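J.: Shown below is the structure under consideration.
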RNA sequence: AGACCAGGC
DNA sequence: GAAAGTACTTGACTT
DNA sequence: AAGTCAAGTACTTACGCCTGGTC
Ligand SMILES: [Zn+2]
Ligand SMILES: [Zn+2]
Ligand SMILES: [Zn+2]
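Protein chains in written order, with UniProt numbering: chain A, 1 to 35, 53 to 72, 98 to 161; chain B, 2 to 168, 175 to 584; chain C, 1364 to 1460; chain D, 1051 to 1149; chain E, 31 to 371, 449 to 610, 619 to 654; chain F, 71 to 153; chain G, 2 to 131, 137 to 173, 189 to 212.
Structure (structure tokens):
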């Protein structure tokens, strides 16, 4: 069918779980009321998402911008560090190009301590 | 996986008429005829193999696996295949236009003979944005009569005369009306050519002469292969080139018709199957065609093959047309006699009146109908028509039960297709073949009856049916009334209207048509209905009123002489209502 | 109206109408079909007797207008809501560089 | 068919055909001369307008551009007649919706 | 079955597709569109392109326009109407795509006939210059000279530049040189019918003589303007040697390229009919006299107007007398074994070239000998044509072709007798000869106006129709040739792009040699039948 | 292409009998497809007679659309129209 | 994930007339795409918002409601080079095939650009490194590199009925990558 | 299936 | 054998 | 010798629908 554009404003994964909780809330809302063919993506999303950060929040996300602003890492890395491999050494070395590079000794460790200030 | 699928409603805008050129028939080709004659019956169980009729073309019988597709008659429609014709056998219908395309062109160089501004002026003319079809035939005539007067070809070599098409289907162009007593450079060669003929054998040439020059269908086809691009527009042919320009007006290939065009006629008793005339045509063609195929190399001679190839243009012309069959030709066998009329197989069945366009196409047949005699009645109000229950049992009507009908329609199911208030059929939304309720069931079947189903109830009161008399004259012929259920057998209506149908009773006949969808049903009664049609379409005067006995009866009642009494007036008012 | 008196007869019935099927309907068979193919005519499916062939609707009478129903939907609530995505992303790259 | 000992029916003539035209009723004609008599579906492609079986256009193999609609059986039969002889009755389609 | 036999493309594109095939290999897309449409519909207007195709309006047209003009692929004309405004109409231009179908073939003769200079630096030099000429489509001298490197010999590339003007080959850019022959005649036709100040209504036929004769002399000055002019090229200021004008630009030409191959065809006939030495003796004559020899340039007045019935000769022999004039008058007096890279006088070898004439070579005038360019062509077309049927079919097809051409229009009675041997095989090859045109069929009846079979038959003529059948050989041979060569590209395109980036694996080198093989052989086949078509385009 | 505003119209304020034919036909067809009803329904059967009753109180949620020769479109509501 | 913006036409039956438009169009649009793969825009998951909706038309032959609207659907694709959590499923000697539970098994990384010392064995031992290795049921970080799109369904009736009576190419949406940068494939090598 | 004749309005 | 019309190959009369 | 107005011969259609028996 007709497409009006390639890609709109970039949407990472946070509010997915949040607004699929609305899709949840509407139809049967799963595990609670337990006591079509939308179940394919439904059970799939919430499972993969939530299981990661367990073994989320409301405000501190919007307040995580502070030092995430002053850092020049731009976009592709920005919404990526939200989930994968928080706060240890060579972890974040994989995602962002020129990770060590320019500023090294202290300033990047400031990333580690704050993303460890997540949980 | 499992990608999405979309669909859109589509109407029809225009058509495009043209001649498919040499690409399409071999592209649409499934099989090839080959073989020859001989329906190519396998000699065991007598099935057809390849040839004209064949397991994959179309199917004449109920089993007959098509092998292109499956499901036989109820699935397959038709498939196309081609035929190779030795030499470019000439056309039939385009023949009149073939003279014109052969007219404006000079034979020597095979190019247009017009000159500069002339062509430039006409090319500007037709490209005026609005044009009537009349302007086309006007200019395409003109441009063709402009090349008549010019005896001089422009940029190319020598020149020639006109083409008058003398004979049928024999094209001969007379070089004639040369400049009187003026020696031409070509004539000096011309007369010099014959001097070397009449020298050897003076007998034959002086005996018969002055037939000038003809054009063979092959060589005029090679004469059409020079002009391309340039202007075919003055010749009437526009090129967006799906088609290869008028090289296509001469037969080379051929679209052998499917079995859906003509079948193999069965039944009519007998222990056998029967071919149809059109099948005999093309199976004969493969013979007279391959006759040249085998020839032209090994055996025979020059002038024998000639009339046989001239016999080929006779067959194909007769095949798709009528009066081209007898251009100085008769079939011999034992001698005896000819004159079988029906043999024409194509342009006839397609011809007007009975065959296709008039009788069949716009003349179609109406299902769910009935017919019976007439008979009067005072008691039926106008717009009411009493239909006998006996023909009302076989007269159905579709009903989709929703939110309301659930109550009564399930009672109609258990009632049975014998007594009047019942249903002869049932259709579930799960799309079965169909459920006919006669043979059994009923009972429990009426317990479920889901909403999305469809059930056909017997015709009853409160319905809409349009009435008709066959010899139609004017707009007041077709009307629409309410129906009713009464005894015996007849079609009886109010005597208030004998006018629109012009009904003398006398035992005439009357047509009956019952609509289907709710749309068309509401359309008939709320528009075509009697109450709205009470006035004549032309004069604007009432066309329907009391007649005969009703008129003279009202007279005696309202007669100035007569008087009445309360008791007598009482029942009279009670007779009124 | 065309500026010349003619009509109602097969020779005079071809004046205005460019539709080949309805003209081959009333009176003609072979000529009109081959003639329209020769000149490579196009025209259109427009008229009444033309439409009853292809089996579609009519441009006159009941079919002169298109029926439409209102959606009744409000013009307000349609507006989307975006949160937390358009804050951190763009404002980070737009400060000082 | 017509007559008796097989099965019956009725006849709308060209003489009578003008009557229902003079009423200006389009809907009645759609049901009677199409659905009531012969209803048939035909697969047609927008490009190189023609007829085919299922999802195959023969000469071009796509199945992407094929659109399925409805049309009287006499039409298709007439087209198979015409096209048998050499003429091209090409068909082109447009969309009803989108204004 | 499966259509792979290429029957699909076989019927529908005579001439036509030739053009937009070439320019497609040249450029493609939009470029093939405009020209292909410029051919089919003929004369075309700027706005008219947009209407037909919906061609990406006004972005493509203006882009393609200037693109076609630089290489002059479009014949340009502008005029107005009595109503007002202006109009510009484009035509398919001469054969300019045929030159793109030539390229290196022209450069070939350029290198080969540049001799009288022995194996010099020239090979790499002018090859760079000429390739820069045709590609750009027009070359100004100074901007070209600016492209040459500094602190080196500047007149080394100008050692042959003034030598590029030479005799034939590159000539100057002039004005209306590109122009429809029909239109320029009509534009020159003004001031002729326009000329009379209400003189006198006597002898209407004198308006004929007035307009014509004055148009002919005005036509001669225009056509001989590009031909020979020494003004621009021979400019020789002091403090230097002869140096071509730094201002006026140049262009290639039809003159000696179309002539050089025409001589080859004469040589091929010569070499066939005489020894190798005799072909050389006749060659050295042609090399000197090719300058003033019209030959390929022959009709020059033919396109663009009427000839006549009556006055046809009075036109034709008016050309034949000037075809009598210049070859008779101007051409060389008897020389003796001029130079060359047999002592005494070689005229004895000319006399054996004299005594034996039929078909050609050395018909003479008292005191001076030269080969006519008029009566020579018929025997040139004869030979090549008879060799075509010779190569095509067996020896039987040959013998019968002339049997019809000795006498004319006769029946099978004296044919069966006088031809060779056997009836049935003759009837076989009769149908093979009569298969494609060229003998036609004779129509005369027997004891009736028009009735039936057994009417008498004859075989005759069809010279032009037996010509055009070799003009069908023009495109459709080269067509599939070039096409399936181009289809060979897009098929291996994924490989070719990998090869270009590399400029690895056993099987990747295999298909690399494959295409290159097929490429070299397909171009050798192209020039092969190219040389064949070129001789058939005249008479 | 665009619709003429509700402000000005050259079209007659009344309705054709041909219009009434499609209206009653359309609405009744949707009843057979199991839609709801906006009017009080007395006990009875069929889509047709309840459709005429539905038009009596003018409960039809339809907007009639008309076309000119030039394609100036139109908008007309059933309720506002008077006969 | 990303937000696509597309347009479309929706047919709502008379049965949904009792409810509200927005709710009716919602369910319909959900039956349209949902799990289905949308060409060239990537794979779609759910639906987000509704805009531009105008008056729906009606064709004379049905009685339904046809409305043409545009909406922004939530789709899936990270970007050219993104690293994302997952784990392998099946295997042979080509390369390992990693599946993200919750979307698809489509991700497959053949061994070409993988580490220099890795190889498959027929011995039933999956893969070996010159220092350690792993197998299924353990999480894997994989980087995206290459993406391919196909449609290709012009199956002939001649060809179709062949496979029917006789008895794979399913790359509707397929992604693959190159993990050679150290630290990929298992998360417990760290910490 | 394609045919005929009688006759009905 | 239908009759009614329409379309298509030749002569005086000029220049 | 073109441009000319008047002449001999050759063509497609002339009724809506049905209901009966006979080859
Ligand atoms: Zn089939
Ligand atoms: Zn000519
Ligand atoms: Zn197609």
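From the three backbone atoms N, C-alpha and C, an ideal C-beta is built for every residue, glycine too.
1) Short of 9 Å Cβ to Cβ, which residues in the region 357 to 375 of chain B face chain C?
2) Do the CB positions of residue 175 of chain B and residue 331 of chain B come within less than 9 Å of each other?
3) Using CA atoms only, rank isn't needed, just tell me which of G:106, G:76, G:10 and G:93 is closest to residue 53 of chain G.
4) Which stretch, first to last residue, makes up the alpha helix (DSSP H) that contains residue 1119 of chain D?
5) If you measure beta-carbon to beta-carbon, which residues of the region 1123 to 1138 of chain D are closer than 9 Å to chain C?
6) So, helix, strand or coil for residue 621 of chain E, using DSSP?
7) Which residue wins for smallest C-alpha separation from residue 538 of chain B, given the options B:546, B:499, B:286 and B:488?
8) I think residue 38 of chain G touches residue 193 of chain G, with their Cβ atoms under 8 Å apart; what is that distance to the nearest whole Å?
9) Just the C-alpha distance for residue 119 of chain B and residue 53 of chain E, rounded to the nearest angstrom, thanks.
10) Just tell me which of F:119, F:98, F:129 and F:117 has its CA closest to the CA of residue 150 of chain F.
11) Nearest-angstrom Cα distance between residue 1090 of chain D and residue 1418 of chain C?
12) To be precise: take each residue of the region 1423 to 1442 of chain C, compare its Cβ to all Cβ atoms of chain D, and keep it if any distance is under 8 Å. Which residues remain?
13) Is the distance from the Cβ of residue 521 of chain B to the Cβ of residue 375 of chain B below 9 Å?
14) Could you please give the first and the last residue of the uninterrupted alpha helix (DSSP H) stretch that includes residue 294 of chain B?
15) Which residues bound the alpha helix (DSSP H) around residue 174 of chain E?
16) What separation, rounded to the nearest whole angstrom, lies between the Cα atoms of residue 1415 of chain C and residue 369 of chain B?
17) Output the residues surrounding ligand 3, defined as those with a CB atom closer than 6 Å to any ligand heavy atom, in chain order.
18) How would you list, in chain order, the residues of chain A whose beta-carbon sits under 7 Å from the beta-carbon of residue 1399 of chain C?
19) Does DSSP classify residue 135 of chain G as helix, strand or coil?
20) Report the residue ranges of all beta strand (DSSP E) runs contained in full by the region 430 to 502 of chain B; include only those spanning at least 3 residues, in chain order.
21) Who sits around ligand 2, taking every residue whose Cβ is closer than 5 Å to one of its heavy atoms?
22) Say the cut is 8 Å; is the CB of residue 1092 of chain D nearer than that to a heavy atom of ligand 1?
23) Once you ignore the five residues that flank residue 157 of chain E on each side, which residues in its own chain have a CB closer than 8 Å to its CB?
24) Along the region 27 to 39 of chain G, what residues have a CB closer than 8 Å to any CB found in chain D?
25) Helix, strand or coil, according to DSSP, for residue 206 of chain B in the structure here?
26) Answer yes or no: the CB of residue 76 of chain B versus the heavy atoms of ligand 1, is any distance below 8 Å?
27) Could you pull the start and end residues of the beta strand (DSSP E) that residue 77 of chain B belongs to?
28) Straight-line CA distance for residue 318 of chain E to residue 531 of chain E?
29) Answer with yes or no whether the minimum CB distance from residue 87 of chain F to chain B is below 9 Å.
30) Apply the 10 Å Cβ neighbour rule to residue 95 of chain B and answer buried if 16 or more other Cβ atoms are within range, or exposed otherwise.
31) When you compare the CB of residue 1086 of chain D with every CB in chain B, is at least one pair closer than 9 Å?
32) In three-state terms, what does DSSP make of residue 107 of chain B?
T.: In brief:
1) Result list: 357, 358, 359, 364, 365, 368 and 369.
2) As a working note, residue 175 of chain B is residue 168 in the second chain. As a working note, residue 331 of chain B is residue 324 in the second chain. Going by C-beta atoms, residue 175 of chain B is nearer than 9 Å to residue 331 of chain B.
3) Mapped onto the seventh chain, residue 53 of chain G falls at position 52. The shortest C-alpha separation from residue 53 of chain G is found at G:10.
4) As a position in the fourth chain, residue 1119 of chain D is number 69, starting the count at 1. Careful: residue 1119 of chain D lies outside any alpha helix (DSSP H), inside the beta strand (DSSP E) at 1116 to 1120.
5) Those residues of the region 1123 to 1138 of chain D that come within reach of chain C (Cβ to Cβ, closer than 9 Å) are 1124, 1125, 1128, 1132, 1135, 1136, 1137 and 1138.
6) Walking along the fifth chain from the start, residue 621 of chain E turns up at place 506. DSSP places residue 621 of chain E within a helical segment (H, G or I) once states are collapsed to three.
7) Indexing the second chain from 1 puts residue 538 of chain B at position 531. Distances from the alpha-carbon of residue 538 of chain B to those of B:546, B:499, B:286 and B:488 put B:488 closest.
8) Numbered from 1 along the seventh chain, position 37 holds the residue referred to as residue 38 of chain G. Numbered from 1 along the seventh chain, position 172 holds the residue referred to as residue 193 of chain G. About 5 Å separates the Cβ atoms of residue 38 of chain G and residue 193 of chain G, confirming a contact at the 8 Å cut-off.
9) Reading the second chain from its first residue, position 118 is the one you call residue 119 of chain B. Reading the fifth chain from its first residue, position 23 is the one you call residue 53 of chain E. So the two alpha carbons sit approximately 32 Å from each other.
10) Your numbering for residue 150 of chain F matches position 80 in the sixth chain. Residue F:129 is the option with its Cα nearest to residue 150 of chain F.
11) For the purposes of this step, residue 1090 of chain D is taken as the residue at position 40 of the fourth chain. For the purposes of this step, residue 1418 of chain C is taken as the residue at position 55 of the third chain. Taking the straight line joining both Cα atoms gives about 10 Å.
12) Answer set for the region 1423 to 1442 of chain C: 1423, 1424, 1425 and 1426.
13) Locating residue 521 of chain B in the second chain gives position 514, where the first residue counts as 1. Locating residue 375 of chain B in the second chain gives position 368, where the first residue counts as 1. Yes, the pair counts as a contact, with Cβ atoms nearer than the cut-off.
14) Within the second chain, the letter at position 287 stands for residue 294 of chain B. 284 to 301 is the extent of the alpha helix (DSSP H) around residue 294 of chain B.
15) By 1-based counting over the fifth chain, the position of residue 174 of chain E is 144. In the DSSP assignment, residue 174 of chain E falls within the unbroken alpha helix (DSSP H) covering 171 to 177.
16) What you label residue 1415 of chain C is simply residue 52 of the third chain in a count that begins at 1. What you label residue 369 of chain B is simply residue 362 of the second chain in a count that begins at 1. Straight-line Cα distance between these residues: approximately 8 Å.
17) The answer, residue by residue, is D:1095, D:1097, D:1098, D:1107 and D:1110.
18) Counting from 1 along the third chain, the entry for residue 1399 of chain C is found at position 36. Those do not exist, as residue 1399 of chain C stays about 37 Å from chain A at its closest Cβ, beyond 7 Å.
19) Residue 135 of chain G cannot be placed in this structure, since chain G goes from 131 to 137 without the numbers between.
20) Qualifying beta strand (DSSP E) stretches, in chain order: 430 to 434, 461 to 464, 471 to 475, 486 to 493 and 498 to 500.
21) Neighbourhood of ligand 2, defined by CB distance below 5 Å to any of its heavy atoms: B:107, B:109, B:110, B:154 and B:157, in chain order.
22) Numbered from its first residue, the fourth chain carries residue 1092 of chain D at position 42. Not under cutoff, so the answer is no.
23) As a working mapping, residue 157 of chain E is identified with position 127 in the fifth chain. Setting aside the 5 residues that flank it on each side, residue 157 of chain E is surrounded in the same chain by 137 and 141, each with a C-beta closer than 8 Å to its C-beta; the list follows chain order.
24) Of all residues in the region 27 to 39 of chain G, none has a Cβ within less than 8 Å of some Cβ in chain D.
25) Working through the second chain from its first residue, we reach residue 206 of chain B at position 199. In this structure, residue 206 of chain B counts as coil in the three-state DSSP scheme.
26) In the second chain, counting from the first residue as 1, residue 76 of chain B sits at position 75. Residue 76 of chain B: yes, Cβ under 8 Å from ligand 1.
27) Here residue 77 of chain B refers to the residue found at position 76 of the second chain. Under the DSSP assignment, residue 77 of chain B falls outside any beta strand (DSSP E); it carries neither an H nor an E label.
28) The residue you call residue 318 of chain E lines up with position 288 of the fifth chain. The residue you call residue 531 of chain E lines up with position 424 of the fifth chain. Going by the C-alpha atoms only, they are around 54 Å apart.
29) Position 17 of the sixth chain, counted from the first residue, corresponds to residue 87 of chain F. At a cut-off of 9 Å between C-beta atoms, residue 87 of chain F counts as an interface residue with respect to chain B.
30) If you number the second chain from 1, residue 95 of chain B lands on position 94. So residue 95 of chain B counts as buried.
31) Start at 1 with the first residue of the fourth chain, and residue 1086 of chain D comes out as number 36. At least one chain B Cβ lies under 9 Å of residue 1086 of chain D.
32) Position 106 of the second chain, counted from the start, is the residue given in the question as residue 107 of chain B. Three-state result, residue 107 of chain B: strand.
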